[PDB]
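Participant: Here it is, the structure, as structure tokens.
All Cβ positions, even for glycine, are placed from backbone atoms using ideal geometry, and neighbour counts span all protein chains on display. Where a number appears in this text, it was derived from the coordinates with a stated rule and is not lab data.
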């Protein structure tokens, strides 16, 4: 029993939100109807240095349903300073710049 | 921006499923209507030795919606041998015995 990587585009349902203890909560929606599937998500230093950095608090999250616009709540621990949240893959990829103080 | 721990009972929507590479996929449903909330989930050696062991592949998962019977897909890496998946808390807790070979 396995599921594939999600192939369709995600969207940020709300702003990434500072939790107050160095982590960030993000409510995503998945515009695919093809789930359950594994979410391609990482934190990167820049859009050219795509080595994953930081830590996913909600590691390896899945879209759990085939419902349209399925909601997934992810939490991450970016490094201090500037980083990008990158969700989705390829032409479907979206990104969001985060500054952690 | 924070969410609480889920307080209501979960159910196993399907059997825990061997992925073929030492991990287990579980499709849960949350009977609460009070989400988003953080799922109390761990792997334990016995129902008396409740020290969390193993590894959560999908670490720190959330119920992402207030919909009834929200689906969440979790993956875990139990230790070899016998362990229990325990989901939910207190009187709401459910458990499932797993044997990893």
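Participant: With springs connecting C-alpha atoms under 10 Å apart, model chain B as a Gaussian network and identify which of B:88, B:22, B:54 has the largest mean-square fluctuation.
Facilitator: B:22
Participant: What FRET efficiency do you get for residue B:101 and residue A:89 if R0 is 30 Å and r is their Cβ-Cβ distance, rounded to the nearest 0.05?
Facilitator: 0.30
Participant: Please report the spacing between the Cα centers of the range B:41-101 and the range A:24-92 in Å, no decimals.
Facilitator: Result: 22 Å between the Cα centres.
Participant: Also, quick follow-up: Between copies, how close do the residue B:31 label points come, placed 7 Å along Cα→Cβ, listed in nm from shortest?
Facilitator: Copy-to-copy label distances for residue B:31: 3.8 nm.
Participant: To continue, here is another question. GNM, chain B, Cα, under 10 Å: largest mean-square fluctuation among B:71, B:38, B:14?
Facilitator: In this elastic network of chain B, the residue with the biggest mean-square fluctuation among B:71, B:38, B:14 is B:14.
Participant: Just want the ordering: A:75, A:8, from fewest to most Cβ atoms lying within 10 Å of their own Cβ.
Facilitator: Arranged by neighbour count, lowest to highest, A:75, A:8 become A:8, A:75.
Participant: Taking the DSSP beta bridges in the protein assembly as shown as the whole, what percent of them are antiparallel, to the nearest 5?
Facilitator: Here the antiparallel bridges make up roughly 95 percent for the protein assembly as shown.
Participant: Counting only Cβ atoms, what residue of chain A lies nearest to the axis that sends chain A onto chain B, and how many whole Å off?
Facilitator: Per the Cβ-to-axis criterion, the result reads A:59, 2.
Participant: So, one more: Would you mind listing the distances between the residue B:13 label point and the same position in each other copy? Use 7 Å along Cα-to-C-beta, nm, one decimal, shortest first.
Facilitator: List, nearest first: 1.4 nm.
Participant: While we're here: As a test, work out the antiparallel percent of DSSP beta bridges whose residues both lie in chain B, rounded to the nearest 5. It would help to have the intermediate numbers written out before the result.
Facilitator: Values: 28 of 29 bridges.
The answer is about 95 percent antiparallel.
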